[PDB]
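Visitor: Sharing a structure, written as structure tokens. Questions coming.
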Amino acid sequence: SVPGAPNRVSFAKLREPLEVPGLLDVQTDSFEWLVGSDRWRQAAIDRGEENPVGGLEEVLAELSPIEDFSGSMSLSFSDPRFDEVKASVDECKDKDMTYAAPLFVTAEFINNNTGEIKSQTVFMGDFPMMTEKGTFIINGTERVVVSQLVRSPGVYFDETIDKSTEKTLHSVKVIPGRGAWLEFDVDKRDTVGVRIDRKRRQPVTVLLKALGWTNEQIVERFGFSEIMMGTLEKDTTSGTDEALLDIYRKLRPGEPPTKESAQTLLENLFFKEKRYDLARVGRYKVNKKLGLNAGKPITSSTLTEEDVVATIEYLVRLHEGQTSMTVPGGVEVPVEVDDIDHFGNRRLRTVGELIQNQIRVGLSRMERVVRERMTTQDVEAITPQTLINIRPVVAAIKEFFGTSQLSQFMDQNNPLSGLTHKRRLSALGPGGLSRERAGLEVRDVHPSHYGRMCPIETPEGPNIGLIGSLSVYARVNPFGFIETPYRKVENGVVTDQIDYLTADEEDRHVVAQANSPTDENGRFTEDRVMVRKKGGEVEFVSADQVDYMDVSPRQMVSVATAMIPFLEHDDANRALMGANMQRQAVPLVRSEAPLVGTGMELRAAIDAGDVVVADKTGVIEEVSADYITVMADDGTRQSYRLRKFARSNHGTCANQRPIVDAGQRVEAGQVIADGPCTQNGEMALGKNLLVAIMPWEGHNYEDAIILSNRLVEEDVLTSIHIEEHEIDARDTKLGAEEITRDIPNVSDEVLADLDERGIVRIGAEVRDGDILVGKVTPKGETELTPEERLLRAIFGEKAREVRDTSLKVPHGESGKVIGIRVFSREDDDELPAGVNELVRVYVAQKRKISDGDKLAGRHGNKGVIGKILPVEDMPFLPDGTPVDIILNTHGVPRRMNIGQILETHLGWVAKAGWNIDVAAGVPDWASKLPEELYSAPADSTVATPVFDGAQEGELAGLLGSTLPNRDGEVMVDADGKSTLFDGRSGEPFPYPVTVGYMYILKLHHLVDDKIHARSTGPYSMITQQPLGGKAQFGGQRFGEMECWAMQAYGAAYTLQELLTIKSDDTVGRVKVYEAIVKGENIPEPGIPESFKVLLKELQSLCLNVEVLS
Amino acid sequence: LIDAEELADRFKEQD
Amino acid sequence: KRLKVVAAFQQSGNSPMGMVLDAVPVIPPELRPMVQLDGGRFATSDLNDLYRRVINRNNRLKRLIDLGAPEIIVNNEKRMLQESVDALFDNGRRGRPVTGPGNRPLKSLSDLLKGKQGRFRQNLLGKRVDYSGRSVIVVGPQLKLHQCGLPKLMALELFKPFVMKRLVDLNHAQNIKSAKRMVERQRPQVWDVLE
Amino acid sequence: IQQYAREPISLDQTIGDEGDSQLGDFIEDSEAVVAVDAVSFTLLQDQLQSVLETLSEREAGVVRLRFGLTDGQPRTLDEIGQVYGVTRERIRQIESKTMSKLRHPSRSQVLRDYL
Amino acid sequence: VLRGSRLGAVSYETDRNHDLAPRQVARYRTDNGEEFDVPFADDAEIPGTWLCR
Amino acid sequence: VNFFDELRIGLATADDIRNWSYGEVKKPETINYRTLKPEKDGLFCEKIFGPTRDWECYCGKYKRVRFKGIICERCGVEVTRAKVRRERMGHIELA
DNA sequence: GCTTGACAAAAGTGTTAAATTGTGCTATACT
Ligand SMILES: [Zn+2]
């Protein structure tokens, strides 16, 4: 497999014919196509393409050439070339730059009148590039562009039933995606109407005549369907010219009707590439659907003369009932109704196409003024620069990378989160569906997800169903259709002829399961095989009817879902919860790979990029906590920087540590360093803890969890959290506010940790309310009150012109300062307008597990930590081992996630080695185990691949073959249960309980970030109500339902006091505070601002609203 | 999932 | 149908003269305030820009009548004044509403207290209150049915003023400010008073 | 001129991408009346009213009139000279003596938090 | 959160009625026959003409 | 307060409007451009709607609690708690 | 306990000087 590959025996019985492809290929291949890299060219030409064109070249060719209105000048662009990136990734991230490369294009100007030629290279600007991890470094932040899901333009056929007087009507709408509309629909009057540009129903014969058809040809060719005969009978147009004139009159009656303009408008409407285009994917879709112009390549971006007639003929065939059709000049194709949820119609807009669209818009905006500058300047004095402004294109590309919904912050919580984020399929954004629309119609699992979109893993938030993840075995078709691999089957024998097919290509075949038993040679051993039909239905067919076969059992699950052991035993809802929870695991101080897992732990770690892999074979020159040096066989040195204690976007600590030593031979692709949540190159999101399944004094009641104090003492569930505090100093109308150690009206003890320039020293410890960096602002008018005047006269402290505005540690936060960054205009830093200085301080803290912190496994079992008992209190095994965690029994069977019990049993089996009595012959249960899995030592790691894992019988048999402990006795019997002594009373529990090892992980939902409180604080400017939305001093919302509850209680006084005194009652609020502080009884509430304001407003409308007794 | 118009049209007479 | 409308004025405390207005009131400035944001930026209530539009028209009319302008100009000015008053009371009831900068109408007086926002609404949606907090829960089996466990910091924040009063009463702090500083720093003496 | 040319932004915008909040639901008044300070002021006066009582009638009067705790006008020495026809210098001496008495910890420690 | 302010500086004076100053009331008549009153201070001279409500 | 029994509504004959107002808005100007003080006889005028800041007139001749209830002979604004700008209304007399 | 004379920086005098603001007027013909 891979060079390192820590030994992890697998329970798989099937053979993998195809290795898992590059998980981050979707984000890289699209961009390689966009910039037309050499390797992309080689791959495209080797596929069977001639003269392939990249995205940038395609856009330039579409725009070029451009000719002026006079027709005497022409401008063209060609040969886009890229330069070396300005700086490296690390430098750009440190200095908040943008990782980009200069872009150059060869522009050529031709003077038609004379013949002058001007060729030169124009600087297009800095094109944002991407790293090897499929991320963009924008202003020092790692952003990710998620592939969008859109409806491919083309011709679609639908049929509905009229709900007024029964019967059915069929329609066809042509979606170009860049032009106008053109559809044909059938009414209940035995006719065929065409509604051009969605304006008004017109006869189809009118359109036919307009194109240049006559009655004789229509009656000679369209002699199959009677409805069209009736339409022609109803038609009043005689000649072709009248049809054009009639269409022009019906379209725009206002303008004068003339034959020439009538033809020109229709010619302009759809038969021009400058007004109507199919985006070079609609043409392919129409060719595949209608079947015209098959074989030969097509470059036209309009509707062919035969396309319209073929579409109309297909519509009438569909109404007629014909299941087959063919036209001269094409290939016979079937007849059926299309649906919008099917992926033969839904394409994928990857990062390359998303960038291409914005580049196209920018180039159009530039050309708008390019032609104007041509028409406003003098001739024989014009060079390419003098008529090319690069401002608009750069502005457009910059705006797309900082405002577009598709491009957003990369989830840096852990490697798996980032990996899943990169390969995400969103169904919203520019040109997509709204978040408040498409209910239970587009978010349902269509039978076409199988092999192209994971049907179980999806966000549970507002975006349920709209957002999904690509499957393990899937790669986007150059056109943009997700295709999946399948094994060719001929004459009932499976062969090694893997073929990638799309959804529509798959609807014409019969595919079988991957686990279907097969003979040694390859023939099918059974007769009836389970397969999938063309309708997305499962059926048993003959062995000869099998056409294809799945590559592997886990062809439908995603990367996140494939990390869940025993996924076939968990319910769909629980599997979804676990898959979405696995992306919220905070990296721990010391990671450890799971005892029981799948085969996806390794790959997911390497593809995520959170590890360092040797580029070429060599010997480790030296190893340090900061970098690794390796000498290759060719004598070329390589040095890898190890980013140490680096803050992730979400606040988790991201750091790497070497796992190699000097003199170690390393092969290409071997992991030499591991990331935050990786051990020996395998993902280690959580920890293996000893778990006993039993209720305990009600402390684990309602999904609560009891933990041992050992986890706290040994830092089993401890994490590092880093936060950044930023503050700026700028020029103001009263002067420029400066950062200074000196602060007015404050003691010298509070600022004992400040440095010479007024910033907290690195390594200092800070709690809430501590000064991080001094800052003062000009105040202005003082006008001291006599009380203050006398008070400061007795003290003698004269007035100070400045007011303290130093940065303070937010309430509830504490830690140590680990880094300080300073930017200033004095040193030519690129600060925003008016800002003189900027200071960032990083505070890192060592957060241990504590009560209320969420904690969950991989099977959707979640819970807060209700109590942390001391070591002696926890139940302990007879050998004296105290269990680390206790999970309530009542919550397992109901949630229908029995897979966690299997994980527990197999984890116990893995922790203590096993030895099957194979000396006398393989037992019946062990006859299926691979030869390598008959015996393993203690602390072994095993793999149970999803849908091809350990069977229940094999696990039950293994449970009865576990090795003894140091004393020489077995703790867990054949049933998976063990006796536990009570830690408080000492009496053994009356019945044995399930005990094992479970892999559980700490979620980011910590208590420290979810605690709020208010007594008195900031108030809104307009409503005068307490403001919220922030954890410092945010107020709670008292909705109308709570008011109903209070009214039901009859709690009149509480409701009044809560609606007025504690909200928008300025007069009485201060009185209430004064009464509370003075010990006086609270006064009666007044009248809320919400009523006085209402009264004044309603009076302002000339309404004489008055009160009376 | 549901807007005001659909929720309003949900409880119409429909008869 | 006309009977109800006609009778509403008969035997009632108003007269039909109320339809036509000789003067229009002006809402107090603080209800349409101009807030000076930090940095020189000014944020104004768009309502402020509607009243002004009326005055500009009205004053102009007061000049046109002075010099004896022709009937067409005076009628046009009166029409402008009527449209301006209508926009002030209802933006979009008659014709198309004034848009101002951007592509959105200015919300006038009746646009308030009429839509999803504005009184007679947004009062039955929920307002924010002081002396309140939020926190995750855990199962407490040792509690009595009438008891509940409240985290120390949350309790201190909620009961701050009472704690300050008690501290001042016990001579731990000399005055209100000293007790406030002691609580915010969370000195050891605070917990004894809080309990 | 650049800063003058700016146009005020409407207070009724749609900050937040929609109509949940318009613009002003998330603006705090920096000039807000904060209770803890206000109440403290009502105490400070009282404290002073008590502290100045510890001084003699004449010594207390000059400080009250000099700082105008009653009327608010910072009466000059000449004005205070009309209490008994006293010259400015004696009133200044009395004021300095009272200042020395007050700023001592025995009295200043009581008030050394309202700074 | 955003921060704003006005030019209306706040004062913490608690003297709703602590101090009382002398005043005199002048009375004015408008051209249309409406009469109004204004409590001027007892300072210098009463203005001859006043802009009324 | 806290003595209400019913609330009634009705039309305004413009006599109620002229009674409510503390002064008419003669001009459209709101505030000065370089200085940020209200413009007199216009919107936000202190003479009509009251002082902007606590217990101070426009020119500052009379200020603070000692002068409470006094109209400055040069401004026309009456020294007040400055929270009255939420309570006082004006009117525009249509030609 | 309280006052006179010698000095001093600070708060005003009175007018002038510079900046700011309101205002009427531009006559090839143009609808
Ligand atoms: Zn004044």
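Following the order of the structure tokens, chains are lettered A, B, ..., residues in each are numbered from 1, and ligands are numbered from 1.
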Please identify all residues of chain D having at least one atom at most 9 Å from any atom of chain G, considering only C-alpha atoms (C1' of nucleotides), and return them as a PDB file with C-alpha atoms, in the first residue's frame.
Guide:
ATOM      1  CA  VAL D  86     -12.041  89.611  54.766  1.00  0.00           C
ATOM      2  CA  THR D  87      -9.199  90.072  52.293  1.00  0.00           C
ATOM      3  CA  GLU D  89      -5.127  86.335  51.452  1.00  0.00           C
ATOM      4  CA  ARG D  90      -6.832  85.106  54.628  1.00  0.00           C
TER       5      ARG D  90
END
Visitor: Per DSSP on the backbone, filter chain E down to the residues in strand (DSSP E or B) and report them as an MDAnalysis selection string.
Guide: chainID E and resid 2:5 24:29 35:40
Visitor: May I have the residues from that selection written out with C-alpha atoms, as a PDB file, in the first residue's frame?
Guide:
ATOM      1  CA  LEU E   2     -21.364  49.165  16.284  1.00  0.00           C
ATOM      2  CA  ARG E   3     -20.998  52.208  18.539  1.00  0.00           C
ATOM      3  CA  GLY E   4     -22.669  55.587  18.111  1.00  0.00           C
ATOM      4  CA  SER E   5     -23.274  58.834  19.952  1.00  0.00           C
ATOM      5  CA  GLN E  24     -40.240  86.833  35.250  1.00  0.00           C
ATOM      6  CA  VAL E  25     -43.029  86.111  32.769  1.00  0.00           C
ATOM      7  CA  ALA E  26     -43.448  88.202  29.625  1.00  0.00           C
ATOM      8  CA  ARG E  27     -46.561  88.057  27.452  1.00  0.00           C
ATOM      9  CA  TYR E  28     -46.712  88.503  23.676  1.00  0.00           C
ATOM     10  CA  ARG E  29     -49.550  88.971  21.191  1.00  0.00           C
ATOM     11  CA  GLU E  35     -51.389  85.320  22.866  1.00  0.00           C
ATOM     12  CA  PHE E  36     -48.500  83.448  24.471  1.00  0.00           C
ATOM     13  CA  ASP E  37     -46.347  83.665  27.591  1.00  0.00           C
ATOM     14  CA  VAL E  38     -42.629  83.116  28.166  1.00  0.00           C
ATOM     15  CA  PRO E  39     -40.898  82.907  31.596  1.00  0.00           C
ATOM     16  CA  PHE E  40     -37.787  84.967  30.938  1.00  0.00           C
TER      17      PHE E  40
END
Visitor: Give me, please, the distance in Å between CA of residue 100 in chain A and CA of residue 38 in chain A, quoted to one decimal.
Guide: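 Taking CA of residue 100 in chain A as the start and CA of residue 38 in chain A as the end point, the length is 18.9 Å.
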Visitor: May I have the residues within 6 Å of ligand 1, computed using only C-alpha atoms (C1' of nucleotides) and all ligand atoms, as a VMD selection string?
Guide: chain F and resid 57 to 62 72 74 to 75
Visitor: Show which residues sit within 12 Å of residue 93 in chain C, as number ranges by chain. Count only C-alpha atoms (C1' of nucleotides), and ignore same-chain residues fewer than 2 positions away.
Guide: C: 83-91, 95-98, 105, 107-108, 110-111
Visitor: For the residues in that selection, give me N, CA and C atoms as a tab-separated table (two decimals), in the first residue's frame.
Guide:
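Output (part_24.tsv):
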chain	number	residue	atom	x	y	z
C	83	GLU	N	-48.42	64.94	-3.40
C	83	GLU	CA	-47.69	63.68	-3.53
C	83	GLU	C	-46.67	63.53	-2.41
C	84	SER	N	-46.00	64.62	-2.03
C	84	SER	CA	-45.02	64.55	-0.96
C	84	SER	C	-45.67	64.19	0.37
C	85	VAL	N	-46.81	64.81	0.67
C	85	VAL	CA	-47.51	64.47	1.91
C	85	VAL	C	-47.96	63.02	1.89
C	86	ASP	N	-48.47	62.56	0.74
C	86	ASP	CA	-48.89	61.16	0.64
C	86	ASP	C	-47.72	60.22	0.89
C	87	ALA	N	-46.56	60.52	0.31
C	87	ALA	CA	-45.38	59.70	0.56
C	87	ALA	C	-44.98	59.74	2.03
C	88	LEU	N	-45.11	60.91	2.66
C	88	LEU	CA	-44.78	61.02	4.08
C	88	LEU	C	-45.69	60.13	4.92
C	89	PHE	N	-46.98	60.08	4.59
C	89	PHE	CA	-47.90	59.24	5.36
C	89	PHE	C	-47.90	57.80	4.87
C	90	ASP	N	-47.88	57.59	3.55
C	90	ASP	CA	-47.87	56.23	2.99
C	90	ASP	C	-46.95	56.22	1.79
C	91	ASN	N	-45.84	55.49	1.89
C	91	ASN	CA	-44.89	55.38	0.79
C	91	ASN	C	-45.28	54.19	-0.08
C	95	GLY	N	-49.31	55.64	-6.59
C	95	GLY	CA	-48.17	55.65	-7.49
C	95	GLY	C	-47.09	54.68	-7.02
C	96	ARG	N	-45.84	54.98	-7.41
C	96	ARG	CA	-44.71	54.17	-7.00
C	96	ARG	C	-43.90	54.88	-5.92
C	97	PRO	N	-43.47	54.18	-4.88
C	97	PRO	CA	-42.81	54.85	-3.76
C	97	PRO	C	-41.46	55.43	-4.15
C	98	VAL	N	-41.08	56.51	-3.46
C	98	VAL	CA	-39.76	57.08	-3.65
C	98	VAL	C	-38.71	56.11	-3.13
C	105	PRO	N	-37.53	51.29	-1.27
C	105	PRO	CA	-38.33	52.45	-0.88
C	105	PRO	C	-37.99	52.93	0.52
C	107	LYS	N	-39.09	53.87	4.12
C	107	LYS	CA	-40.19	53.46	4.99
C	107	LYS	C	-40.72	54.69	5.71
C	108	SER	N	-41.97	55.05	5.42
C	108	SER	CA	-42.59	56.25	5.95
C	108	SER	C	-43.26	55.95	7.29
C	110	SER	N	-46.48	55.39	8.21
C	110	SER	CA	-47.37	54.24	8.21
C	110	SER	C	-46.65	52.96	7.83
C	111	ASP	N	-45.54	53.05	7.09
C	111	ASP	CA	-44.71	51.87	6.88
C	111	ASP	C	-44.26	51.29	8.21
Visitor: What are the nearest atom pairs, with distances in Å to one decimal, for all residues of chain A that come at most 12 Å from chain F, using only C-alpha atoms, set out by chain and rising residue number as CSV?
Guide:
residue,atom,partner,partner_atom,distance
A:733,CA,F:34,CA,11.6
A:783,CA,F:64,CA,11.9
A:785,CA,F:64,CA,10.4
A:786,CA,F:64,CA,11.8
A:1022,CA,F:86,CA,11.8
A:1066,CA,F:83,CA,10.7
A:1067,CA,F:83,CA,10.6
A:1084,CA,F:2,CA,9.7
A:1085,CA,F:2,CA,9.3
A:1086,CA,F:1,CA,7.4
A:1087,CA,F:1,CA,7.7
A:1088,CA,F:1,CA,11.5
A:1089,CA,F:86,CA,10.1
A:1092,CA,F:87,CA,8.5
A:1093,CA,F:86,CA,8.0
A:1094,CA,F:87,CA,11.5
A:1095,CA,F:87,CA,10.0
A:1096,CA,F:87,CA,7.3
A:1097,CA,F:89,CA,10.3
A:1098,CA,F:9,CA,9.6
A:1099,CA,F:17,CA,9.1
A:1100,CA,F:89,CA,8.2
A:1101,CA,F:12,CA,9.3
A:1102,CA,F:12,CA,5.6
A:1103,CA,F:11,CA,5.3
A:1104,CA,F:10,CA,4.9
A:1105,CA,F:9,CA,4.3
A:1106,CA,F:8,CA,5.7
A:1107,CA,F:7,CA,4.9
A:1108,CA,F:4,CA,6.1
A:1109,CA,F:5,CA,4.9
Visitor: Could you give me, as a tab-separated table, every chain C residue with an atom at most 7 Å from chain D, plus its closest atom pair and distance in Å to one decimal, counting only C-alpha atoms, rows ordered by chain then number?
Guide:
residue	atom	partner	partner_atom	distance
C:41	CA	D:8	CA	6.6
C:42	CA	D:8	CA	4.7
C:43	CA	D:9	CA	4.9
C:44	CA	D:11	CA	5.1
C:45	CA	D:11	CA	4.7
C:46	CA	D:10	CA	5.6
C:176	CA	D:40	CA	6.3
C:177	CA	D:113	CA	6.6
C:178	CA	D:113	CA	6.6
Visitor: Report as CSV: every residue of chain F with an atom at most 12 Å from chain D, its closest pair of atoms, and their distance in Å to one decimal, counting only C-alpha atoms, with rows sorted by chain and ascending residue number.
Guide:
residue,atom,partner,partner_atom,distance
F:32,CA,D:4,CA,11.2
F:33,CA,D:4,CA,7.4
F:34,CA,D:4,CA,7.5
F:35,CA,D:4,CA,10.9
F:36,CA,D:4,CA,11.9
F:53,CA,D:31,CA,10.9
F:54,CA,D:31,CA,11.9
F:63,CA,D:72,CA,10.8
F:64,CA,D:72,CA,8.9
F:65,CA,D:72,CA,9.5
F:66,CA,D:71,CA,7.2
F:67,CA,D:71,CA,10.5
F:83,CA,D:33,CA,11.8
Visitor: Which residue, C:25, C:70, C:13, C:115, has the smallest gap to residue 92 in chain F when you use only C-alpha atoms?
Guide: C:25
Visitor: Enter the distance from CA of residue 22 in chain E to CA of residue 80 in chain F, in Å, rounded to one decimal.
Guide: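 Between these atoms lies a distance of 16.0 Å.
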Visitor: What residues in chain E lie within 12 Å of chain D, counting only C-alpha atoms, written as a short mmCIF file (atom, residue, chain, number, x, y, z; two decimals) with C-alpha atoms, in the first residue's frame?
Guide:
data_model
loop_
_atom_site.label_atom_id
_atom_site.label_comp_id
_atom_site.auth_asym_id
_atom_site.auth_seq_id
_atom_site.Cartn_x
_atom_site.Cartn_y
_atom_site.Cartn_z
CA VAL E 1 -21.09 45.77 17.96
CA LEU E 2 -21.36 49.16 16.28
CA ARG E 3 -21.00 52.21 18.54
CA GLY E 4 -22.67 55.59 18.11
CA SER E 5 -23.27 58.83 19.95
CA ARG E 6 -24.91 62.26 19.76
CA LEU E 7 -23.84 65.78 20.69
CA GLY E 8 -26.17 65.65 23.72
CA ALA E 9 -23.66 65.35 26.55
CA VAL E 10 -25.20 63.78 29.65
CA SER E 11 -25.04 65.22 33.17
CA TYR E 12 -25.40 63.33 36.45
CA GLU E 13 -26.93 66.19 38.45
CA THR E 14 -29.59 64.78 40.79
CA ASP E 15 -31.14 68.21 41.44
CA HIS E 18 -32.73 71.30 44.55
CA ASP E 19 -32.04 74.83 43.25
CA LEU E 20 -34.61 77.52 42.42
CA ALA E 21 -33.77 80.67 40.47
#
Visitor: Once you count only C-alpha atoms, what closest atom pair and distance in Å to one decimal does each residue of chain A within 12 Å of chain E have, with rows by chain and rising residue number, as a tab-separated table?
Guide:
residue	atom	partner	partner_atom	distance
A:781	CA	E:9	CA	10.5
A:782	CA	E:9	CA	11.1
A:783	CA	E:11	CA	10.5
A:784	CA	E:11	CA	10.4
A:785	CA	E:13	CA	9.0
A:786	CA	E:13	CA	10.6
A:787	CA	E:13	CA	10.4
A:788	CA	E:12	CA	11.6
A:1018	CA	E:1	CA	10.0
A:1019	CA	E:3	CA	10.6
A:1020	CA	E:3	CA	9.5
A:1021	CA	E:4	CA	7.5
A:1022	CA	E:4	CA	10.4
A:1027	CA	E:1	CA	9.0
A:1028	CA	E:1	CA	9.4
A:1029	CA	E:1	CA	9.1
A:1030	CA	E:1	CA	8.8
A:1032	CA	E:1	CA	11.4
A:1033	CA	E:1	CA	11.4
A:1034	CA	E:1	CA	11.0
Visitor: Check every residue of chain C for an atom within 6 Å of chain A, counting only C-alpha atoms, and provide those that qualify as an MDAnalysis selection string.
Guide: chainID C and resid 25 27 124:135 138 154 158 161 165
Visitor: For those residues, write C-alpha atoms to a file as an mmCIF file, in the first residue's frame.
Guide:
data_model
loop_
_atom_site.group_PDB
_atom_site.id
_atom_site.type_symbol
_atom_site.label_atom_id
_atom_site.label_comp_id
_atom_site.auth_asym_id
_atom_site.auth_seq_id
_atom_site.Cartn_x
_atom_site.Cartn_y
_atom_site.Cartn_z
ATOM 1 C CA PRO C 25 -47.237 67.342 12.624
ATOM 2 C CA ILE C 27 -42.349 63.570 15.033
ATOM 3 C CA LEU C 124 -45.373 39.868 20.540
ATOM 4 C CA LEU C 125 -42.155 38.380 19.115
ATOM 5 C CA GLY C 126 -39.856 38.770 22.121
ATOM 6 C CA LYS C 127 -37.534 41.350 23.666
ATOM 7 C CA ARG C 128 -34.246 40.910 25.502
ATOM 8 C CA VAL C 129 -34.075 41.244 29.284
ATOM 9 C CA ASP C 130 -31.423 41.824 31.934
ATOM 10 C CA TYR C 131 -30.678 39.643 34.970
ATOM 11 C CA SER C 132 -30.714 36.530 32.799
ATOM 12 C CA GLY C 133 -28.313 33.884 31.554
ATOM 13 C CA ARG C 134 -28.028 30.655 29.580
ATOM 14 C CA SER C 135 -26.044 27.474 30.132
ATOM 15 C CA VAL C 138 -26.379 18.134 33.501
ATOM 16 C CA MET C 154 -23.214 32.590 36.680
ATOM 17 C CA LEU C 158 -26.650 37.509 38.189
ATOM 18 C CA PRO C 161 -25.702 44.195 42.868
ATOM 19 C CA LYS C 165 -24.618 45.759 48.804
#
Visitor: Do you know which residues are at most 8 Å from residue 419 in chain A counting only C-alpha atoms (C1' of nucleotides), after dropping those on the same chain fewer than 6 positions away, and could you put them as JSON, numbers by chain?
Guide: {"A": [24, 604, 607, 608]}
Visitor: For chain B against chain A, which residues fall within 8 Å using only C-alpha atoms, given as a PDB file with C-alpha atoms, in the first residue's frame?
Guide:
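Listed below is the output, selection-v7.pdb:
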ATOM      1  CA  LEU B   1     -38.796  24.789   4.488  1.00  0.00           C
ATOM      2  CA  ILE B   2     -42.136  26.639   4.271  1.00  0.00           C
ATOM      3  CA  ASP B   3     -42.805  30.320   3.588  1.00  0.00           C
TER       4      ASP B   3
END
Visitor: Let me make sure I understand: among C:29, C:47, C:79, C:180, which one has the smallest atom-to-atom distance to chain E if we use only C-alpha atoms?
Guide: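 So, comparing all the options, the nearest one is C:29.
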Visitor: I'd like to know which residues of range 47-100 of chain D are alpha helix (DSSP H) (by DSSP, run on the backbone); could you write them as a PyMOL selection string?
Guide: chain D and resi 47-54+57-67+77-80+88-100
Visitor: Taking only C-alpha atoms into account, what are the residues of chain C at most 10 Å from chain E, put as a PyMOL selection string?
Guide: chain C and resi 33-39+41-43
Visitor: Hey, what's within 9 Å of residue 476 in chain A if we count only C-alpha atoms (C1' of nucleotides) and toss same-chain stuff fewer than 6 positions away? As a list in words, please?
Guide: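 These residues fall inside the cut-off: residues 26, 348, 350, 482, 483 and 484 of chain A.
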Visitor: Give the answer as one residue: which of F:68, F:45, F:39, F:56 has the shortest atom-to-atom distance to chain C, using only C-alpha atoms?
Guide: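 Nearest candidate to chain C out of F:68, F:45, F:39, F:56: F:45.
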